[PDB]
Protein chains: 4
Amino acid sequence: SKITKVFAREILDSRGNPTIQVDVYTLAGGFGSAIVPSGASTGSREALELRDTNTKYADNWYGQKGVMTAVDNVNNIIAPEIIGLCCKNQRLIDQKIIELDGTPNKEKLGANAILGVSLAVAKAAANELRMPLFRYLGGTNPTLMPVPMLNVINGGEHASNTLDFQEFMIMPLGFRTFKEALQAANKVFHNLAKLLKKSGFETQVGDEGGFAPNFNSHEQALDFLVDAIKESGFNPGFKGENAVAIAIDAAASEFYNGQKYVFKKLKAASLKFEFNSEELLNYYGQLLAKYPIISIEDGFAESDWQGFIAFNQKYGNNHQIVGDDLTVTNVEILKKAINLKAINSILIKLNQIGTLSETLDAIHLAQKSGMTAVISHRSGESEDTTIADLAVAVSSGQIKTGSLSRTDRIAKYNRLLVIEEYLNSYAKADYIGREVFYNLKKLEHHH
Amino acid sequence: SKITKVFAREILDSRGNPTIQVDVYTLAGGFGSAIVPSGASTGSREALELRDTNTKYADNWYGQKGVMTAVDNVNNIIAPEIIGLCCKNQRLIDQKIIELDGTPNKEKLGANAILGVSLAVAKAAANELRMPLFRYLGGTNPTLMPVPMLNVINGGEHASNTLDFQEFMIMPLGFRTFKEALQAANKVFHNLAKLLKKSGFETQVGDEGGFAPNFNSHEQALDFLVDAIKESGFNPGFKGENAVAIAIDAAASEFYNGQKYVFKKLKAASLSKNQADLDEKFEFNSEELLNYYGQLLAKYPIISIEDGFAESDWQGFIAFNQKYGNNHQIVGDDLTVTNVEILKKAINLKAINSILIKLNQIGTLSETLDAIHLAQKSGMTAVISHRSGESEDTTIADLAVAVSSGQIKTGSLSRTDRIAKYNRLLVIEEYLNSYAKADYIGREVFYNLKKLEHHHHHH
Amino acid sequence: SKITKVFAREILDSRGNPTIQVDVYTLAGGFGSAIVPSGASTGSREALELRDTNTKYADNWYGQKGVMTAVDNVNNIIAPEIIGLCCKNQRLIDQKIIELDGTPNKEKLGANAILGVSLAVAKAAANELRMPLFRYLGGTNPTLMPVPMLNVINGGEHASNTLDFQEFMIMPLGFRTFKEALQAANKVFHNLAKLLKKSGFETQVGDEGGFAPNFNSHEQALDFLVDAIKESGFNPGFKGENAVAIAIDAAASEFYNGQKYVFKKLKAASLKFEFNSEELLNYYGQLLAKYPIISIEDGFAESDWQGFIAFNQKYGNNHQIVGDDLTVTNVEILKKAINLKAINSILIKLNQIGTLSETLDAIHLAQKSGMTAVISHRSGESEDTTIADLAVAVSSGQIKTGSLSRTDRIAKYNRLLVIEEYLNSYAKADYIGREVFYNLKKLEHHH
Amino acid sequence: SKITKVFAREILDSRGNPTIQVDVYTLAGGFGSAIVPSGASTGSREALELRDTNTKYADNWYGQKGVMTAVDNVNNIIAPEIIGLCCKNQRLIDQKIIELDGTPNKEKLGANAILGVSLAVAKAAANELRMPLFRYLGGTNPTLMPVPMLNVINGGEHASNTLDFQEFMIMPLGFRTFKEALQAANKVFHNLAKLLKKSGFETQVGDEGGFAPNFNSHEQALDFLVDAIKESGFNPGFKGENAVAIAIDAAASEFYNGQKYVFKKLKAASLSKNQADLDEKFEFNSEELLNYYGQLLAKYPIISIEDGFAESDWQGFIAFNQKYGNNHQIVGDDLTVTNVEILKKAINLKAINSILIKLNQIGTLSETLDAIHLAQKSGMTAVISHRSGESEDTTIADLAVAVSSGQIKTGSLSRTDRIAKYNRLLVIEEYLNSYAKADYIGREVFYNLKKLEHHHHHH
């Protein structure tokens, strides 16, 4: 049915910074509403969100982070182009809006203005057809509940501990249903908190609702994590029942100087810290041998493609190698990562590319080529749960959407529970654990 | 129109523990859906949520915290009783479900099963009437956007720091609109986070999205707060433009031992383990604690103090309200637990001039509205409050506007479990701006204060 | 839904004088109709109704009391401003209409033109939503049936008896339901009439359907009233079951010469009559000691604020002190009465302020400050029963709407019976008698 | 469309006594609601309302006047019989309810229960057809706005004055429109009230909103009336512009003793208690009373006299109609009590040329329409009448227009129980002005008068 009304407003995201919400109405009574997550404002590689810097709105909010200009672009520019088009024509609307902005990185109107409309339009159509969004996006056959990557331990520049790696995650593999996998994650998370309190660590949380306790090294954190998995009644590893694996996001661009990798906080604490690409690759195989790490993200720097290609060739048959800063959901960079065998997996961030149709094009390219497409959250989030319906719609098999606290993450797990409930009555719900890694030629026993 | 379907499910709250969501459908096409916040499981005074302890469900989630029994109670017991009733009859529905449970503290079916149905019914009726929830709850005339009590600094039992008081809050008073007041709180919050980092304090957050840095005393925390307000461009105080006040939740039941109040984290930091407090430096009887509050009130722009004395120390409250109740808000939380009979006692004894309102502590929407109305009729403010375990549900935003509470307490400025409520207030403000008027009146919401003074004035 | 039609006509009120009726229709089929009661045509303090004086309509009706000009203002000026607005936006419509008139006392278009539209709009919205008006006005929670103040005995300038006080009322307190309270009032009223006939007094009625028999003094009237309450089977007093209290409207502005109060008819009959403020205050305490008078209205003159303040301070803890001529439902005067502790209660007359939203603002201000808001009728009335729904919507706890004869009063009691019936099935109906006086610090036993 | 719900309740009438209101709903969304006026409880001739005497309800209201039994009879007996019938079948419904009661005077269920349903059914059918009630009752052609008989001066049993006749009325004849005639009555009424005050008379009102001042005789009252008409700017008379006539309800059954008519209030004012009326100064046989009427008719512009003779004095009526029936209206009220069989007798004996019509004296709408039609076919006028106990119900306004009665009797110009009917006539006049034509024909409504004369003419 025809779109009758498009309206945007400025609200706050989960970090206390402005973001944009878009409502869409249709003649037949459909209503769709979406909230854009936080993204990049500068960069030459990703779609660019538009903030209120150097406008009459700049002083509204701290750091000039308002998005009223994007709101004005939706309400004044995008809306009259879109009103009167059939809402079920997602690809036409997305293409309409891309051309209206006319720049490749969506810098003129704002990636946040464009994505907000793109997603609200799709939700309005799904609402009108009285279909869950994952059915509208995916057709009749989606059944695959994704394995979650749950943040638990955090490092990097902004964390006061001595972990130079960015984040550590658990992945609940050996379970028959999504509900049981989430229950296991709930047990590991709360037992993890209990152990951290028992050893005198802090249990406050960061932007993803995980912990950043004062660990002295990667090895200590990995040791602590293995123990918490065992305390909860599960088995650290890949195969078998109750298996729970670990995944790491190294964010290696952050500790690369163009020639060497430096564990800067570890080095400062001691007052091996330096690695060339081959030595860093060696450290990983040490960790991969000792601990049950199924997946490493941004193991090397965005400018160290040779490190990536050698990483993928040495461990990519048996471990997931994820690009994030390497690829920024850029289809052209993805084609090069495919052609050069640099990774076997990619993070998908809707607001890094700017529309739903482009995101689906990028997901399909990654999967056609034998990689997994891990649907990812952002730092600044909301109760919008699009990415839960997206992960089921495209059979991603994997989602990355935070630890087990804060509604900005929890809502996505709740949405997966509601989707699982819907598939249990009116279809079939599938949770296949370790089998989601179709990109790994062989998956071996960790022991 | 008639209720056709009531369905409940188990989901997770913002602390990662199970809670309950209820959906209600009406024959006219209305849909309403509510998520119950975390509450008390034991206690002799408030409505009791039901967890899965000693059931076939106990092993589902950590700590035996599932709520499948309450889900079954909605789906198997409450729903057949409620289907077929007109959804607009809120008081009838709530009365029927209260009688169906039959216990005064809602223990049999669970206060969480009962509140979930109570709220989803109301939202479905509003949805079918194409009215915002606050217009359904409140009639034609509500226009009052509430002043937020924004958590920023946390202390008390579980914080590693040396603050014995449980939380410190800012209240943006001297602003023309709710949007501008929220912009001011945004500026104080991020400037506070920058100042904290600048001094080497931690900037992770707790349950309500505020900070628990390693402060050494109440005074150190309060000094830091005052400077953050100034650094943001505002004036710490009560009256005038750009005024930003402070509120405190002492939660004094937690450091009362039966006879004296003991600043036990502060004392464990000075005294070694073999030492007694021979000088009574960290101990206070009621009057001595009242003297300490008076000192803080004179030096710092503290407009409101919650649970200044213990739940069993009614005398301490009565003396507190006697000495500073004309010029300062005195809130009962643990003292009153949203209990109508205890509020009548507090009104009769003149113990407080304000009360926190927690939907799930009383257990239905109609009883909550009875309790709010009794508080306001008696000249008290009713502060609509969040819980520690929360969701994207924003009922309390609409409730605060519907009853013209004038004040809401729903957390710091991070985490969607708090942010969604401020966002709902922004949407309500936008609705009132085009179809009515939105009023933000700042310090004028303290109608319970006989004489609000200038803070900078020498008292 | 959108207002499609607004139409006004001139009809007659209950005194045989013109008044205005307004109909409102909406696109969805809602219909609302309201009749304005009679109000002031001159005065510098209240909203001013517009009569046909010095127009081509002046000779239509006796005393030039037509309201065709107001009817023309609704049909020609107000209606085209309002048509096409959503009827559920009461505050917007009221604010629209205030600005359209543009004068503070609504003198240009007429308070009667403005109130007629304001009320008909609200009834149309309530009708459209298939909600009783008190639910539309008040939300989900209203349950409080008000205690009625029933006129029974009348004095003042226009009454040929020797009562200088304006009116005497009964208030049925000690009863469990509104129905029973009204039944008690019906018994006192008819027994009162029987006793008056037995003693040779006249039983014809005035504008409020009460009596004005040839009593010689206030004391004789109060004696007669106490006896009738006893004859009917009830107890004169405040507390206990079957308690029925008395309330007085002195209308003291009428017998004040700027320096003294003169009981003029009592003085003329004798051919104590003169009182300064302190002596008048003394007379009241005499009556308050002898008879069960719970409430005195306009005990002192509108220009004698010092008399009011001393009245409230000497008996206001235990008796209701009502302003009427003192405050004329004027929010700014009300603020001064609150600030100066002159009264603990105020009459609310919708057509003295001019719109429903302003009336609700005034009610809310009075209640927030610890006063009771007594919803009042006017002398010239109709079968419109708005004030019954208003008293329940705002939990006034008290209504003042006439004696127990004439449909211009009876309709309001019937509407309370229909509201009580609605609350009995679909909610709860509450009648709390003596507890409505939350403004009285202590309520003592009259004996 | 089909009736889906019939519900009755007890409310109060304009004298503060219980009466009954009935609501009727139809499947198509029609709603109709009627309020029954006060009637007779005992009597051998008219339909009988049922009060709560000797029931569990007797103590509810003063005088045992409740009507809950009739309410129960609607809700428990009549409603199940009527639900499912098409609402447009007025005659069917009325026939079914008459048979359901089974007694000729409607004593078993109550004439008030029966009439309430009868009228609410008709109003619901009109409401569902989006027709004003008078178009539903009357067809396409009604246009005749009735001349009002406006009570102004009251006497008889309960008035303290010395008038033995029960009421005096004005009728505004010489005017072009109903609005103008009502404006004239408004002017006479308020000028009459001013003149009364000017002479020290009382100005409170009785049941019908007219005056009962302390007049000494019929002549004094009639003189006052004539001067008020002149003071208002009109001409007391029958013909020509601005004519205002007078009508009288003698209610002569009240001062007939069986043999003679006795002006008993007039006599109690002249004669002391020990005195007989040796001269027969205040007594009248039939012929002597007819001579007295003739005297008043010659001096005063009296166009109509109601109940000039007693209910049992059929001969007095027959002689009255013989002597002055060509030139004056002769109304039966107590004589006929809206009884079809008694009207046939009055027609056959030529006792009257006009009859009052009281819905609740016969008990259904179809029987009322039968009675009106029989009266008009026989050359009589049918004057649609109010009762002493009334409400804002305005059925009789629509009824008077629907049947082209030409005359209505519904009280003075104060009290909503009377004013609402004039207001309904103003709304009907407005409807006819835009969608048809409104006719006010003044003196021409007396089609029952063989020769209406000029009053000022010497007869």
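Throughout, a per-chain count from 1 in the order the sequence is written supplies the residue numbers; the entry may number residues differently, and those without coordinates are omitted. Each chain gets a letter, beginning with A, and each ligand a number, beginning with 1, in the order they are written. As shown, the structure covers only some chains of a larger assembly, and all values describe those chains. Side-chain metrics rest on all non-hydrogen atoms present in the structure, leaving aside hydrogens and water. Residues with missing side-chain atoms are left out of burial classes, side-chain pairs and their counts.

This deposited entry lists X-ray crystallography as its structure determination method and 2.301 Å as its resolution.

Chain B carries the name Enolase in the PDB entry, which gives Mycoplasma hyopneumoniae as its organism. According to UniProt, the comment filed for chain B under the heading Catalytic activity (unreviewed entry) is "(2R)-2-phosphoglycerate = phosphoenolpyruvate + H2O". UniProt positions are given in the numbering used here, feature names are shortened, and annotations may be inferred rather than shown by experiment. Recorded under Function (unreviewed entry), the UniProt text for chain B is reproduced unchanged: "Catalyzes the reversible conversion of 2-phosphoglycerate (2-PG) into phosphoenolpyruvate (PEP). It is essential for the degradation of carbohydrates via glycolysis."

In the nomenclature of the PDB entry, chain A corresponds to Enolase from the organism Mycoplasma hyopneumoniae. Note on chain A: under the UniProt heading Function (unreviewed entry), the record states "Catalyzes the reversible conversion of 2-phosphoglycerate (2-PG) into phosphoenolpyruvate (PEP). It is essential for the degradation of carbohydrates via glycolysis."

K.L.:
Just checking my understanding: could you explain the overall build of chain A for this structure?
P.N.:
In this description a helix means any DSSP run of H or I spanning at least four residues, a strand means any run of E spanning at least two, and both kinds are numbered starting from the N terminus. Within chain A, the secondary structure is distributed over 14 helices and 14 strands. Against the globule reference of 22 Å for 447 residues, chain A gives a C-alpha radius of gyration of 22 Å, in line with a compact fold. Counting only C-alpha atoms, chain A reaches 60 × 50 × 45 Å along its principal axes. What the globule rule says is 2.2 Å times the number of residues to the power 0.38, and the radius of gyration is computed from C-alpha atoms.

K.L.:
Would you mind showing me how to read the interface of chain A and chain B here?
P.N.:
How large an interface is tends to be reported as the accessible area lost when its parts come together. Listed per partner, the contact involves 47 residues of chain A and 46 residues of chain B. Note: buried area is the sum, over both parts, of the accessible area (probe 1.4 Å) each one loses when the two are combined. Both faces combined, the contact of chain A with chain B buries some 3900 Å², and carbon together with sulfur accounts for 50% of it. For chain A, the biggest contributors to the area lost against chain B are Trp61(A), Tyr62(A) and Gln204(A); these three give 18% of the whole. By definition, a salt bridge exists where a carboxyl oxygen of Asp or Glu is found within 4 Å of a side-chain nitrogen of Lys or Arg. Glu421(A) is the salt-bridge partner of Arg9(B), the closest N and O atoms lying 2.7 Å from each other. Under the rule applied, a polar contact is a pair of N or O atoms within 3.5 Å (in protein, one hydrogen donor and one hydrogen acceptor; residues adjacent in sequence only if both atoms are side-chain atoms). The tally of links between chain A and chain B comes to 24 residue pairs in polar contact. At 10 residues, the largest contribution of residues to the side of chain A that touches chain B is made by helix α5 (residues 178–198) of chain A. Only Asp, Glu, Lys and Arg are considered charged in this grouping, and only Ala, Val, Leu, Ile, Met, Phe, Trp, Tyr, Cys and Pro are considered nonpolar; every other residue, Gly among them, is considered polar. In the side of chain A that touches chain B, the residues fall into 15 nonpolar, 17 polar and 15 charged. Contacts: residue pairs with any heavy atoms within 4.5 Å of one another.

K.L.:
Could you clarify how one ought to interpret the arrangement of the chains in this entry?
P.N.:
Nothing in chain A touches chain C, and the closest approach of their C-alpha atoms is 16 Å. The two units chain A and chain D are non-contacting; their minimal C-alpha-C-alpha distance is 26 Å.

K.L.:
Can you help me understand the sheet that holds strand β3 (residues 31–35) of chain C in this one?
P.N.:
Sheet strands line up and pair through hydrogen bonds in the backbone, either parallel or antiparallel. All names here are of chain C. Two strands pair under a simple rule: DSSP has to find at least two bridges between them. The antiparallel open sheet is built from three strands, whose spatial order is β1-β2-β3. The outermost strands of the open sheet, each flanked by one partner alone, are β1 (3–12) and β3. Ignoring strand direction, the axes of neighbouring strands in this sheet form an average angle of 15°. In this sheet, β3 lies alongside strand β2 (residues 18–26) in antiparallel orientation, the contact comprising five bridges. Bridging from a neighbouring strand, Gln-21 pairs with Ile-35 of β3. Under this scheme, a helix contributes an axis fitted over its contacting stretch, all axes are lines through C-alpha atoms, and angles between N-to-C directions fall in the 0 to 180 degree range.

K.L.:
Quick question: what am I supposed to make of the sheet that holds strand β3 (residues 31–35) of chain D here?
P.N.:
Residue and element names in this part refer to chain D. One open sheet accounts for three strands, arranged β1-β2-β3; its pairing is antiparallel. Both outer strands of the open sheet, β1 (3–12) and β3, are each paired with one neighbouring strand and no more. Direction aside, neighbouring strands of the sheet carry axes that sit 15° apart on average. In terms of strand pairing, β1 meets strand β2 (residues 18–26) through nine bridges, oriented antiparallel. Pairing of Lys-5 across the sheet is with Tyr-25, part of β2.

K.L.:
Sorry if this is basic, but what is going on with the domain arrangement of chain A here?
P.N.:
Residues and elements named next belong to chain A. Just so you know, the domain bounds were taken from an automatic or database domain assignment. Taken domain by domain, chain A holds domain 1 (2–130) and domain 2 (131–447). On a C-alpha basis, the centroid separation for the pair domain 1 and domain 2 is 28 Å. Each partner contributes to the interface: domain 1 provides 32 residues, whereas domain 2 provides 33 residues. Approximately 2600 Å² of surface area, both sides summed, lies buried where domain 1 meets domain 2, with 52% of it carried by carbon and sulfur atoms. Interface area lost by domain 1 to domain 2 is led by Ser-14, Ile-35 and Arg-45, which between them contribute 24%. Between the two partners, domain 1 and domain 2, sit seven salt bridges. Here domain 1 is connected to domain 2 by 23 residue pairs in polar contact. The set of elements that each furnish at least two residues to the side of domain 1 that touches domain 2 consists of β3 (31–35), α2 (90–101) and α3 (111–128).

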